[PDB]
>>> print(open('my_file32.txt').read())   # compact mmCIF, C-alpha atoms and all ligand atoms
# COMPACT_ATOMS: atom_id res chain seq x y z
CA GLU D 3 -32.23 -35.18 -23.42
CA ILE D 4 -32.44 -33.30 -20.10
CA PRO D 5 -35.31 -33.16 -17.57
CA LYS D 6 -37.02 -29.78 -17.67
CA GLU D 7 -37.24 -29.94 -13.87
CA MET D 8 -33.43 -30.03 -14.03
CA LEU D 9 -32.92 -26.90 -16.15
CA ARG D 10 -35.36 -25.07 -13.89
CA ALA D 11 -33.12 -26.04 -10.96
CA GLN D 12 -29.94 -24.81 -12.64
CA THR D 13 -31.47 -21.44 -13.42
CA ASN D 14 -32.49 -21.19 -9.77
CA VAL D 15 -28.95 -21.89 -8.59
CA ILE D 16 -27.53 -19.26 -10.93
CA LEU D 17 -30.07 -16.68 -9.83
CA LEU D 18 -29.45 -17.33 -6.14
CA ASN D 19 -25.72 -17.03 -6.70
CA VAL D 20 -26.25 -13.67 -8.38
CA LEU D 21 -28.01 -12.35 -5.29
CA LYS D 22 -25.27 -14.01 -3.26
CA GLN D 23 -22.81 -11.71 -5.01
CA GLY D 24 -25.07 -8.86 -3.88
CA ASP D 25 -28.55 -7.38 -4.09
CA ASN D 26 -29.72 -6.70 -7.63
CA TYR D 27 -32.61 -5.78 -9.91
CA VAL D 28 -33.98 -7.93 -12.70
CA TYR D 29 -32.38 -6.18 -15.68
CA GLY D 30 -29.02 -6.19 -13.92
CA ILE D 31 -29.40 -9.88 -13.19
CA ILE D 32 -30.06 -11.04 -16.74
CA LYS D 33 -27.22 -8.79 -17.86
CA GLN D 34 -24.89 -10.23 -15.23
CA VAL D 35 -25.84 -13.79 -16.23
CA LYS D 36 -25.82 -13.12 -19.97
CA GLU D 37 -22.26 -11.86 -19.52
CA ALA D 38 -21.10 -14.61 -17.18
CA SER D 39 -22.56 -17.12 -19.64
CA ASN D 40 -20.77 -15.36 -22.51
CA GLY D 41 -24.17 -15.16 -24.21
CA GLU D 42 -25.64 -18.65 -23.90
CA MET D 43 -28.25 -17.69 -21.27
CA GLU D 44 -30.60 -14.83 -22.13
CA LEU D 45 -33.24 -15.16 -19.42
CA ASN D 46 -36.67 -13.89 -20.39
CA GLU D 47 -38.21 -11.34 -18.06
CA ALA D 48 -41.57 -13.08 -17.85
CA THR D 49 -40.38 -16.51 -16.74
CA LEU D 50 -37.86 -14.83 -14.45
CA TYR D 51 -40.45 -12.76 -12.60
CA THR D 52 -42.47 -15.98 -12.31
CA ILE D 53 -39.55 -17.60 -10.51
CA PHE D 54 -38.98 -14.70 -8.15
CA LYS D 55 -42.54 -14.78 -6.86
CA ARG D 56 -41.99 -18.37 -5.75
CA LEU D 57 -38.77 -17.51 -3.93
CA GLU D 58 -40.31 -14.56 -2.10
CA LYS D 59 -43.29 -16.82 -1.43
CA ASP D 60 -40.74 -19.17 0.13
CA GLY D 61 -39.06 -16.29 1.97
CA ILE D 62 -35.78 -17.19 0.27
CA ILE D 63 -35.56 -13.66 -1.17
CA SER D 64 -37.12 -10.34 -0.23
CA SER D 65 -37.64 -7.21 -2.30
CA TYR D 66 -37.36 -3.45 -1.95
CA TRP D 67 -37.05 -0.13 -3.81
CA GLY D 68 -34.09 2.24 -4.37
CA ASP D 69 -32.92 4.89 -6.84
CA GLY D 74 -33.79 6.13 -11.07
CA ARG D 75 -36.12 4.02 -8.97
CA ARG D 76 -35.74 0.25 -9.32
CA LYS D 77 -37.00 -2.75 -7.36
CA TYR D 78 -34.05 -4.59 -5.85
CA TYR D 79 -34.10 -8.18 -4.62
CA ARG D 80 -32.22 -9.27 -1.51
CA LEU D 81 -30.94 -12.66 -0.38
CA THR D 82 -32.65 -13.24 2.95
CA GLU D 83 -30.82 -14.88 5.82
CA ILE D 84 -33.17 -17.85 5.48
CA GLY D 85 -32.10 -17.91 1.85
CA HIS D 86 -28.48 -17.69 2.92
CA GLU D 87 -28.94 -20.65 5.27
CA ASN D 88 -30.83 -22.79 2.74
CA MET D 89 -28.09 -22.25 0.17
CA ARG D 90 -25.52 -23.40 2.70
CA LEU D 91 -27.42 -26.59 3.54
CA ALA D 92 -27.96 -27.24 -0.17
CA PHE D 93 -24.30 -26.82 -1.10
CA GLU D 94 -23.22 -28.89 1.92
CA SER D 95 -25.87 -31.48 1.06
CA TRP D 96 -24.81 -31.65 -2.60
CA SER D 97 -21.19 -31.88 -1.40
CA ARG D 98 -21.92 -35.15 0.39
CA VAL D 99 -23.49 -36.47 -2.82
CA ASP D 100 -20.29 -35.79 -4.75
CA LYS D 101 -18.41 -37.76 -2.08
CA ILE D 102 -20.84 -40.67 -2.12
CA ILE D 103 -20.38 -40.94 -5.88
CA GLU D 104 -16.61 -40.76 -5.73
CA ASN D 105 -16.54 -43.63 -3.24
CA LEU D 106 -18.78 -45.61 -5.58
CA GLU D 107 -16.07 -45.51 -8.27
CA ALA D 108 -13.82 -47.70 -6.14
CA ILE F 4 -33.26 -29.48 3.15
CA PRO F 5 -36.05 -29.62 0.56
CA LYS F 6 -37.46 -33.13 0.34
CA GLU F 7 -37.74 -32.35 -3.36
CA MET F 8 -33.96 -31.94 -3.24
CA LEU F 9 -33.36 -35.24 -1.47
CA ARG F 10 -35.34 -37.15 -4.11
CA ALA F 11 -33.19 -35.56 -6.81
CA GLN F 12 -30.02 -36.50 -4.91
CA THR F 13 -31.28 -40.01 -4.32
CA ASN F 14 -31.94 -40.27 -8.06
CA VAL F 15 -28.42 -39.12 -8.91
CA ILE F 16 -26.79 -41.63 -6.57
CA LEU F 17 -28.85 -44.59 -7.74
CA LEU F 18 -28.08 -43.82 -11.36
CA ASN F 19 -24.41 -43.45 -10.61
CA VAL F 20 -24.56 -46.88 -8.99
CA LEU F 21 -26.03 -48.52 -12.06
CA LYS F 22 -23.44 -46.70 -14.13
CA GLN F 23 -20.91 -48.67 -12.09
CA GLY F 24 -22.75 -51.77 -13.30
CA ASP F 25 -26.02 -53.62 -13.36
CA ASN F 26 -27.18 -54.51 -9.87
CA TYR F 27 -30.13 -55.74 -7.77
CA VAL F 28 -31.97 -53.77 -5.12
CA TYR F 29 -30.35 -55.21 -2.01
CA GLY F 30 -26.94 -54.91 -3.70
CA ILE F 31 -27.69 -51.27 -4.48
CA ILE F 32 -28.78 -50.47 -0.95
CA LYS F 33 -25.60 -52.10 0.31
CA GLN F 34 -23.35 -50.19 -2.07
CA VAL F 35 -24.92 -46.87 -1.16
CA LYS F 36 -24.78 -47.60 2.54
CA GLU F 37 -21.06 -48.30 2.23
CA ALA F 38 -20.29 -45.36 -0.05
CA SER F 39 -22.01 -43.04 2.42
CA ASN F 40 -20.35 -44.87 5.32
CA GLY F 41 -23.81 -45.40 6.78
CA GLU F 42 -25.29 -41.93 6.43
CA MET F 43 -27.81 -42.93 3.70
CA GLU F 44 -29.64 -46.18 4.42
CA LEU F 45 -32.28 -46.45 1.72
CA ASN F 46 -35.32 -48.60 2.31
CA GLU F 47 -36.40 -51.09 -0.35
CA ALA F 48 -39.70 -49.33 -0.96
CA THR F 49 -38.09 -46.05 -1.98
CA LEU F 50 -36.04 -47.72 -4.68
CA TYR F 51 -39.00 -49.51 -6.15
CA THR F 52 -40.88 -46.24 -6.21
CA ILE F 53 -37.98 -44.53 -7.96
CA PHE F 54 -37.18 -47.36 -10.34
CA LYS F 55 -40.77 -47.70 -11.48
CA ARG F 56 -40.55 -44.09 -12.72
CA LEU F 57 -37.16 -44.63 -14.34
CA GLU F 58 -38.22 -47.83 -16.07
CA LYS F 59 -41.31 -46.03 -17.37
CA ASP F 60 -39.10 -43.23 -18.70
CA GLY F 61 -36.81 -45.74 -20.42
CA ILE F 62 -33.94 -44.61 -18.23
CA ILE F 63 -33.43 -48.13 -16.84
CA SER F 64 -34.58 -51.64 -17.63
CA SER F 65 -34.63 -54.81 -15.56
CA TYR F 66 -34.00 -58.50 -16.13
CA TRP F 67 -33.80 -61.76 -14.20
CA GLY F 68 -30.32 -63.11 -13.66
CA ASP F 69 -29.18 -65.90 -11.34
CA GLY F 74 -30.66 -68.04 -6.78
CA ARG F 75 -32.98 -65.81 -8.79
CA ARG F 76 -32.46 -62.04 -8.65
CA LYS F 77 -33.97 -59.07 -10.50
CA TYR F 78 -31.16 -56.99 -11.99
CA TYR F 79 -31.47 -53.34 -13.05
CA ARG F 80 -29.61 -51.82 -16.00
CA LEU F 81 -28.91 -48.26 -17.14
CA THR F 82 -30.05 -48.01 -20.78
CA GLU F 83 -28.22 -46.17 -23.55
CA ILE F 84 -30.60 -43.24 -23.17
CA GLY F 85 -29.76 -43.24 -19.48
CA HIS F 86 -26.04 -43.09 -20.19
CA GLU F 87 -26.56 -40.27 -22.69
CA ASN F 88 -28.81 -38.41 -20.27
CA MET F 89 -26.25 -38.73 -17.49
CA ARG F 90 -23.59 -37.55 -19.92
CA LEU F 91 -25.66 -34.62 -21.17
CA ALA F 92 -26.73 -33.73 -17.63
CA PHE F 93 -23.20 -33.79 -16.19
CA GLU F 94 -22.08 -31.66 -19.11
CA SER F 95 -24.99 -29.35 -18.38
CA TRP F 96 -24.13 -28.89 -14.71
CA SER F 97 -20.49 -28.34 -15.51
CA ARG F 98 -21.54 -25.34 -17.63
CA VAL F 99 -23.28 -23.88 -14.60
CA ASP F 100 -20.13 -24.04 -12.51
CA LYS F 101 -18.40 -21.80 -15.03
CA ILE F 102 -21.27 -19.33 -15.28
CA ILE F 103 -21.16 -18.94 -11.51
CA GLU F 104 -17.40 -18.52 -11.31
CA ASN F 105 -17.65 -15.95 -14.08
CA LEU F 106 -20.16 -14.15 -11.89
CA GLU F 107 -17.44 -13.85 -9.25
CA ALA F 108 -15.10 -12.31 -11.82
CA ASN F 109 -18.00 -9.93 -12.44
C1 LIG X 1 -23.99 -25.67 -6.37
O1 LIG X 1 -24.56 -26.80 -5.71
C2 LIG X 1 -25.92 -27.00 -5.75
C3 LIG X 1 -26.78 -26.26 -4.95
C4 LIG X 1 -28.15 -26.50 -5.01
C5 LIG X 1 -28.69 -27.47 -5.85
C6 LIG X 1 -27.88 -28.24 -6.67
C7 LIG X 1 -26.50 -28.05 -6.64
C8 LIG X 1 -25.66 -28.81 -7.45
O2 LIG X 1 -24.42 -28.64 -7.45
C9 LIG X 1 -26.22 -29.78 -8.28
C10 LIG X 1 -25.38 -30.53 -9.09
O3 LIG X 1 -24.03 -30.31 -9.04
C11 LIG X 1 -25.91 -31.52 -9.92
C12 LIG X 1 -27.29 -31.71 -9.95
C13 LIG X 1 -28.13 -30.94 -9.15
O4 LIG X 1 -29.48 -31.16 -9.18
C14 LIG X 1 -27.60 -29.97 -8.31
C15 LIG X 1 -28.44 -29.21 -7.50
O5 LIG X 1 -29.67 -29.39 -7.52
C16 LIG X 1 -27.96 -32.73 -10.83
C17 LIG X 1 -26.99 -33.81 -11.30
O6 LIG X 1 -26.80 -34.72 -10.23
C18 LIG X 1 -27.64 -34.56 -12.44
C19 LIG X 1 -26.79 -35.38 -13.37
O7 LIG X 1 -28.85 -34.50 -12.57
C20 LIG X 1 -25.59 -33.34 -11.67
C21 LIG X 1 -24.96 -32.27 -10.79
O8 LIG X 1 -23.89 -32.85 -10.01
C22 LIG X 1 -22.68 -32.99 -10.76
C23 LIG X 1 -21.45 -33.09 -9.85
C24 LIG X 1 -21.38 -34.42 -9.10
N1 LIG X 1 -20.06 -34.57 -8.51
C25 LIG X 1 -21.65 -35.62 -10.00
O9 LIG X 1 -20.54 -35.86 -10.86
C26 LIG X 1 -22.92 -35.37 -10.80
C27 LIG X 1 -23.28 -36.54 -11.71
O10 LIG X 1 -22.75 -34.17 -11.58
>>> encode(input="my_file32.txt", output="structure tokens")
Amino acid sequence: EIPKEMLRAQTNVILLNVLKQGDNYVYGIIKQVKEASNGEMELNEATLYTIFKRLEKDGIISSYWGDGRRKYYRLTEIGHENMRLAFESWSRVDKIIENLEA
Amino acid sequence: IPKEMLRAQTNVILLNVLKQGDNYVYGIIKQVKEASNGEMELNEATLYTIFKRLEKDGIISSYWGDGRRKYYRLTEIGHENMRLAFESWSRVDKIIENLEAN
């Protein structure tokens, strides 16, 4: 079994990395992820929009419009910084664990 | 760093400790302190809080071994969950790298 809180986290990481590659709109994101996952992850629009409201509510991402009009989502600098801390944070965890194996 | 994220990390480390072998609270705090070379000094209360949840979820059990000490064990479900979870997160790493090919 896997904690649902944990799959929700993974999906967040993947999404944030997509915007890290560059700004994008929802349909392009699921497509990009569906491809990169070779088909195992078909994200549903409804739950995905639900997640993006939280991130914008956290200022981690912003949104805007551009044409063929589509609403694009941007990785904010605050989002950029948080991702750095998180990866650096999680990097220390991997080191803690490796030491434990001694 | 999200406090939510530190609790997850703290959970991962503790479980990886018990994967090394059954242990008691002060032994676990010591092992983590050493493995982090002093950067993570967990207080007794936080482990009890976390272990109460894990014991209730069947992820760990406890037992008295001797000079009395309360030992904590990672159950079979816990091992499987750690296995499944680590497999899970490994899949994410590929999805992301594929995104960079994209
Ligand atoms: C891109 O880095 C991240 C950025 C933000 C959040 C995260 C992560 C992240 O990498 C991450 C994980 O790698 C892992 C987890 C996680 O929550 C995050 C993030 O939240 C959860 C996990 O600890 C389990 C088993 O629950 C396993 C996994 O670590 C992997 C690699 C470790 N070296 C260790 O072997 C562990 C058991 O599995």
>>> closest_residue(input="my_file32.txt", among="F:78, F:83, F:44, F:37", to="chain D", atoms="all atoms listed in the file")
F:37
>>> residues_near_ligand(input="my_file32.txt", ligand="ligand LIG 1 (chain X)", cutoff="6 Å", atoms="all atoms listed in the file", output="VMD selection string")
(chain D and resid 11 15 92 to 93 96 100) or (chain F and resid 15 89 92 to 93 96)
>>> interface_residues(input="my_file32.txt", of="chain D", to="chain F", cutoff="8 Å", atoms="all atoms listed in the file", output="ChimeraX atom specification")
/D:3-4,12,16,19-20,23,34-35,38-39,88,91-92,95-96,99,101-103,105-107
>>> residues_around(input="my_file32.txt", residues="residue 54 in chain D", least_positions_apart="5", cutoff="9 Å", atoms="all atoms listed in the file", output="PDB file with C-alpha atoms, keeping the file's coordinate frame")
ATOM      1  CA  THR D  49     -40.380 -16.510 -16.740  1.00  0.00           C
ATOM      2  CA  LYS D  59     -43.290 -16.820  -1.430  1.00  0.00           C
ATOM      3  CA  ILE D  63     -35.560 -13.660  -1.170  1.00  0.00           C
ATOM      4  CA  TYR D  79     -34.100  -8.180  -4.620  1.00  0.00           C
TER       5      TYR D  79
END
>>> closest_residue(input="my_file32.txt", among="D:33, D:22, D:76, D:10", to="residue 47 in chain D", atoms="all atoms listed in the file")
D:33
>>> closest_residue(input="my_file32.txt", among="D:21, D:5, D:97, D:31", to="residue 62 in chain D", atoms="only C-alpha atoms")
D:21
>>> closest_residue(input="my_file32.txt", among="F:97, F:26, F:82, F:49", to="residue 14 in chain F", atoms="all atoms listed in the file")
F:49
>>> atom_distance(input="my_file32.txt", atom1="CA of residue 98 in chain D", atom2="CA of residue 60 in chain D")
24.7 Å
>>> atom_distance(input="my_file32.txt", atom1="CA of residue 86 in chain F", atom2="CA of residue 94 in chain D")
26.4 Å
>>> atom_distance(input="my_file32.txt", atom1="CA of residue 86 in chain D", atom2="CA of residue 67 in chain D")
20.7 Å
>>> residues_near_point(input="my_file32.txt", point="(-29.9, -8.7, -2.3)", cutoff="7 Å", atoms="only C-alpha atoms", output="list in words")
residues 21, 24, 25, 26, 78, 79, 80 and 81 of chain D
